[PDB]
């Protein structure tokens, strides 16, 4: 009775909780929809990921979270800008910070695999997925353009 679940930190991941009599509700911000078990909000659209303003594509048909919670800079068509790291937009979009996205079904944070989803981050080179991150080794005689993410 006296209970308002919204007062609990965790209630409604990336969402706005509204306390109802015996439970509560999660209203999802724009572009987010409630997950199946209704514990949070996710963006299940698929789009391209870009390294600049959209240009320099590094990922295809990938989720905005996987794009922007990573090194991506813009996403989808029409080109949307990844929110900046100190924003609320980013708090919601990247609830686990840099390197992770929420599972569309369970909303559980998982390590984004740039190697698979964002192959662009290492064009012409070997991509090695790691915890919350990944590496890149350019083949002998070629070097990584830290700006184009291309080997040489």
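Numbering follows the first chain given and starts at 1.
Colleague: Taking residue 53 and residue 54 as adjacent modelled residues, how many residues of the deposited sequence between them have no coordinates (none, 1 to 3, 4 to 9, 10 or more)?
Modeller: The entry has a long gap there, with 10 or more residues left out between residue 53 and residue 54.
Colleague: Comparing 90 to 98 with 111 to 119, where is the mean C-alpha B-factor higher?
Modeller: Per the PDB entry, the higher value belongs to 111 to 119.
Colleague: Check the entry's C-alpha temperature factors for 23 to 31 and 36 to 44, then say which stretch has the higher mean.
Modeller: Higher mean C-alpha B-factor in the PDB entry: 23 to 31.
Colleague: By the entry's C-alpha temperature factors, tell me which of 68, 105, 84, 127 sits highest.
Modeller: If I rank 68, 105, 84, 127 by C-alpha B-factor, first place goes to 127.
Colleague: Ranked by Cα temperature factor within the chain, is residue 134 in the lowest third, the middle third or the highest third?
Modeller: It belongs to the middle third of the chain when residues are ordered by C-alpha B-factor.
Colleague: Compare the C-alpha B factor of residue 10 with those of the other modelled residues in its chain, then answer lowest, middle or highest third.
Modeller: Highest third.
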